[PDB]
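Subsequent text provides structure tokens for two forms of one protein chain, presented individually as structure 1 and structure 2.
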Structure 1
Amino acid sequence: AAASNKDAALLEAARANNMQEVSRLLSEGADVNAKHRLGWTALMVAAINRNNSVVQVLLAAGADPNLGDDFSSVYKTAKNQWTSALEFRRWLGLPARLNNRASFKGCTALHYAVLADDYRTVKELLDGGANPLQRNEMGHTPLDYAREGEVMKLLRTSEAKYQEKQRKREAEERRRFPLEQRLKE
């Protein structure tokens, strides 16, 4: 049970913003990707907490930035279809009746950091390999949740660089590409 207990204690420490306990538990082999019964990982709850310090520690310990929230309850937001990103923000109480269903399933730490408009945590997650194009169950990217401002500007830049990196990784080997070939499929 020791291993299961370290996982559960790691999640409690992250939810409580206890950076010292998070670090201890990670060094003792707690599963950095463990999920709470409420659905979230330590990385996600650190993002909800706007704790960019704990986020950095988790990433340095190998946390997978692109795991999705397991919480699968669905809510009706009014008196179907997934609510829009703008109405999802409103439903969360943040600044700014057909599609009235809401779900957290699949939200990444980056979704939460952007919802919180937390530039420092957003930058940490992107620098640690978070995929800004990955969608949650409702089909929303983190950029869909951004307020205008520095987080939005950062995400636009990061989307372009992530797509560039992906295109370079998938690149096909070709020894020659004469200009005439641009005219042919």
Structure 2
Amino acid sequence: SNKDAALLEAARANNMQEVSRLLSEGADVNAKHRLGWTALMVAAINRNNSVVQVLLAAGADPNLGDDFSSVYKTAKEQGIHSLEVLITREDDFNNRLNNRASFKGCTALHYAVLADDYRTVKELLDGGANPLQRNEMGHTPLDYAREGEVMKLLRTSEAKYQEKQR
């Protein structure tokens, strides 16, 4: 309800104390914004490592995909005005992303890689996030990475996936 919306706002704010309280009051740990993203997603894109750990410890699914596509596609798909979609995505999710691109199926790991924050990536991988999972465009978290530790962290986890699969 409003408690699910309060969860997402606290996730954006990195307010771990508030996230834990709302979770204790029955907020859905996998609640989705009307435009299609989760609390773990909005925490990941904003480098909110503190809240990511709280969400993972409370059972958040790290492999869900954003139902948000682009301002253009989501405006038509859902029948909202494009300016409202753009403002909402910039204000309630992130304003440094190119939201003209397509994000459908992006997981929290996708967003954590786009933010170039090794700590959030490492925590998401320890929470069971699939580094081989593709978005609607077919891109994995690797495909969004850049030369650095984030790639290396991904490469070893991807290597361990082949090793530890069943």
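Rigid core: the largest C-alpha set superposing within 1.5 Å between the two forms. Counting starts at 1 and follows the sequence of structure 1.
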- Take the rigid core as the frame of reference and indicate whether the C-alpha of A102 shifts by 2 Å or more between structure 1 and structure 2. yes
- By how many angstrom does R15 shift at its CA between structure 1 and structure 2 when the core is held fixed? 2.2
- Message: Fitting the two forms on their rigid core, what distance in Å separates the Cα positions of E28 between structure 1 and structure 2?
- Response: 1.1
